[PDB]
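Chains as they are written, first to last, in the deposited numbering: chain F, 30 to 243; chain B, 29 to 243; chain A, 30 to 243.
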Amino acid sequence: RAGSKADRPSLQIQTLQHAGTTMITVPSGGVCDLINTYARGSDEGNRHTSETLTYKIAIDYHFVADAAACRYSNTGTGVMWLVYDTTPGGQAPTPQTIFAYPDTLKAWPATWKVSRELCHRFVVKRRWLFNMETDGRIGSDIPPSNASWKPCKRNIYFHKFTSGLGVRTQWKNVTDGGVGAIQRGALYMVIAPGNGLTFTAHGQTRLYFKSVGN
Amino acid sequence: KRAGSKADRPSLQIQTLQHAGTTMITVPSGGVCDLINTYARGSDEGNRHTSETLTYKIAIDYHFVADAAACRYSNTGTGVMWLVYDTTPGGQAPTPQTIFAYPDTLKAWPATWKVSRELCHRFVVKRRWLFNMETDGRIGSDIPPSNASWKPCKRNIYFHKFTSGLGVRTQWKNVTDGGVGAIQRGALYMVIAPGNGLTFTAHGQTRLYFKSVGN
Amino acid sequence: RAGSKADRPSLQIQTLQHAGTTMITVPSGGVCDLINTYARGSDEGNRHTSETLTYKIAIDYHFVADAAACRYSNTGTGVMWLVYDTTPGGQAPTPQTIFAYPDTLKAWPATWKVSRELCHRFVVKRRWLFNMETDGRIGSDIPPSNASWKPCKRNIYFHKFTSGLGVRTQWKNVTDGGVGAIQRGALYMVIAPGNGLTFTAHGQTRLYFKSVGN
DNA sequence: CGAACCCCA
DNA sequence: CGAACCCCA
DNA sequence: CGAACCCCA
DNA sequence: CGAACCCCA
């Protein structure tokens, strides 16, 4: 249980809210995002010094298939990486850059591996799997009186809690919390869909860190 | 035994709650709040004696069944049952909207809710459970045609839990009543929330184990 | 000495100034106030984290009778409580709520006791007494050449210094220092007059605390 | 040591 | 030792 | 410690 | 000793 550090003192808590007008939508081929944003300032969710350490991370989401993909009936398997960048750069990376996958394998993410040229830059500290299946029927319409359907796993609940990891970041001068302000140790959340199966997400996450330095 | 009750040398008391018949828990979309800790004061075995009590074990048995209104659509879902401990009760009975602060777009899916941060030192959740139901869009009262049949997995479920770990310390005001207005500290709440757009009802009964103490 | 626990460095010092246009005036029935206000910010009188601990408190004042009460000649006895609230609320409390006193005892404060319903909410960590008397003569007028007067205790000096207490507060997010921003552990200064004897005050107080947390 | 975050024989 | 304040090889 | 020749509280 | 910075029998 105790893989953290701050004991007697509590830890600061930053939250992320994805819902309503802001919802993660995953097109075929994956999507990249940075969960580590910390503004600098007085507020409790902000940071203080230029150096931070993250300890625990918690994830809660609700996945649901897209009406476009509800047309076909097929199964699939998705993947969620958690990736740690040592040497960030101005450009925001895309999954095509992190994993080098010949275009014929675009359909199936679960077979991807981290590209070899970058082997000392990016490293994956966690990996998870999940699977969805659609019978070819949306959930908004009424069955006929003749027959029924068992819709197993039309939408799923996905939650993980991991205390093991640790990360050390160093921030530039600027008070901003964007991607351009991080000198080292970024962190990324990568989602990739199954074969030809798009979906969306709803939920929220939390991080636990403690400013340190100067 | 496997026992963390701390006080069974003599026979702990047993308050019961009966939900059935005209009184059945019905859950509309958005959850429902209730207080399971009611203790009248008096001579009877189920009543209390002093003004201070300690609860140890709690047992729960219920039968969930989908509602005819929701049986029209066919979709799955997931429900949640919290067990919540209030340190500082107040006159007005709380609603789930107050305990969890959930933006109205997340009303559909309970499993993503977290305790609101403002109140972080007031309410605390000592247990959490999950369950899931699915409806094929067919009520159980009608006869299939001779042509085909159906496999109705999980049209209704059985839900039971038994937990000895918790402990709770309450202090009661002067009044002999056992209502919500009579508790000075340490309330306890049972919260049910449905899946997405799926209402249901319940039947069953619960038991508590406590021991009067004080004065 | 003992009590303080801030020996290596110095303690932060917040001050309160009551004088001039701002002077405490006590109508019959007492008055409530909150002495614990701490703004958040860079300044030294401000706080830093969301959690503070107060140690020592010092009080200096000059009490003087009111011209309205100088009409009658009678004695009396006042009281000053120092009250610690565990569970604050939006509405600011009034003495009528803290002490439940049947209206016939309004005249004499010294007989009040903390109400029993609330016995686990409010607690009094200090209590003091003082007494004043007015001969029915204001101090601005000249005696006749026939006689004189000895005006004992027309106005008094009141000072106390107490290191014993300790208090632990937790503040909400907002940068404000008002009453609405405190989650737990408020602190109150309560003044109540004698029988039918109003007065005013002048002076200043000091607190000693040290931010802690995050 | 005093008075009251500050000092020193 | 089971199920659940109640029991006993 | 994780995932899988690569890392570190 | 659970769930998830917060608690205690």
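Ideal Cβ placement from N, Cα and C applies to all residues, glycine included.
>> To the nearest angstrom, how far is the alpha carbon of F:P180 from that of B:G105?
In response: 10 angstroms
> Does the count of Cβ pairs from the region 75 to 84 of chain B and the region 173 to 189 of chain B closer than 8 angstroms reach three?
Replying inline: The region 75 to 84 of chain B is not in contact with the region 173 to 189 of chain B.
> How would you list, in chain order, the residues of chain A whose beta-carbon sits under 8 angstroms from the beta-carbon of B:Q199?
Replying inline: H149
> Roughly how many angstroms lie between the CA atoms of B:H231 and F:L40, to the nearest whole one?
Replying inline: 43 angstroms
>> Give me the chain F residues within the contact set of A:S79, using Cβ-Cβ distance strictly less than 7 angstroms, ordered along the chain.
In response: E73
>> Please list, in chain order, the residues of the region 171 to 182 of chain F that have any C-beta partner in chain B closer than 8 angstroms.
In response: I171, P172, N175, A176, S177, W178, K179, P180, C181 and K182
> Of the choices F:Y101, F:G119, F:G59 and F:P38, whose alpha-carbon is the least far from that of F:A136?
Replying inline: F:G59
> What residue ranges within the region 113 to 200 of chain F form continuous alpha helix (DSSP H) runs of no fewer than 4 residues, ordered along the chain?
Replying inline: 124 to 127
> Which chain A residues are close to F:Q41, counting only those with a beta carbon under 8 angstroms from its beta carbon?
Replying inline: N243
> How would you list, in chain order, the residues of chain F whose beta-carbon sits under 9 angstroms from the beta-carbon of A:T204?
Replying inline: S71 and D72
>> Closer than 8 angstroms between beta carbons: that is the criterion. Which residues of the region 102 to 122 of chain A meet it against chain B?
In response: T116
>> Starting from A:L236, trace the beta strand (DSSP E) in both directions and tell me its first and last residue.
In response: If you look at A:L236, you'll find it in the beta strand (DSSP E) that goes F228 to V241.
> Are the C-beta atoms of F:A48 and some chain B residue less than 8 angstroms apart?
Replying inline: yes
>> I want to verify the contact list: residues of chain F whose CB lies under 9 angstroms from the CB of B:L134, in sequence order.
In response: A48, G49, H91, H231, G232 and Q233
> How would you label B:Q212, buried or exposed, when you count the other beta carbons within 10 angstroms and need 16 or more for buried?
Replying inline: buried
> Measuring CA to CA, which of F:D95, F:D170, F:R150 and F:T163 is closest to F:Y113?
Replying inline: F:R150
> From the beta carbon of F:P38, is the nearest beta carbon of chain A less than 8 angstroms away?
Replying inline: It does: the Cβ of F:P38 has a partner Cβ on chain A nearer than 8 angstroms.
> Between F:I86, F:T51 and F:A68, which lies nearest to F:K154 when the distance is taken from Cα to Cα?
Replying inline: F:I86
> What whole-angstrom Cβ distance do F:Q233 and B:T140 have, given they're in contact under 8 angstroms?
Replying inline: 7 angstroms
>> What does the Cβ neighbour count give for B:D164, buried or exposed, with the cut at 16 atoms within 10 Å?
In response: Label assigned to B:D164: buried.
> Using CA coordinates, which residue listed in B:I185, B:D205, B:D132 and B:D95 is at the minimum distance from B:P56?
Replying inline: B:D95
> If you measure from the CB of B:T51, is any heavy atom of the ligand SAM nearer than 7 angstroms?
Replying inline: Within the structure as shown, the ligand SAM is missing, as the structure has no ligands at all.
> Given 8 angstroms as the limit, is there contact between the region 171 to 180 of chain A and the region 123 to 136 of chain A, that is, 3 or more CB pairs closer than that?
Replying inline: no
>> Relative to the C-alpha of B:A215, which candidate in B:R197, B:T229, B:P222 and B:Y101 has its C-alpha closest?
In response: The shortest CA-to-CA distance from B:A215 to any of B:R197, B:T229, B:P222 and B:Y101 is the one to B:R197.
>> Beta-carbon within less than 6 angstroms of A:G206's beta-carbon, same chain only, minus the 5 sequence neighbours each way: which residues are those?
In response: Taking C-beta separations shorter than 6 angstroms and ignoring five residues to either side along the sequence, the partners of A:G206 in its chain run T66, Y67 and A68, following chain order.
> In or out: A:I171 buried (at least 16 other Cβ within 10 Å) or exposed?
Replying inline: exposed
> Are F:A48 and B:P131 close, meaning C-beta to C-beta below 8 angstroms?
Replying inline: yes
> So, is F:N184 buried or exposed, given that buried needs 16 or more other C-beta atoms within 10 angstroms?
Replying inline: buried
>> Cβ closer than 8 angstroms: which chain B residues qualify as neighbours of F:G168?
In response: Simply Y101, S102 and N103.
> Could you give the distance in angstroms between the alpha-carbon of F:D72 and the alpha-carbon of B:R145?
Replying inline: Cα-Cα distance, rounded: 14 angstroms.
> How would you write the range of the beta strand (DSSP E) that A:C99 sits in, first residue to last?
Replying inline: Run containing A:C99: none; DSSP gives neither H nor E here.
> Run through DSSP, which three-state label would F:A68 get?
Replying inline: coil
>> Relative to the C-alpha of B:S169, which candidate in B:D62, B:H91 and B:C99 has its C-alpha closest?
In response: B:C99
> In three-state terms, what does DSSP make of B:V203?
Replying inline: DSSP places B:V203 in coil when its eight states are reduced to three.
> If we ignore side chains and look at the alpha-carbon of each, how far apart do B:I64 and B:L226 end up?
Replying inline: 24 angstroms
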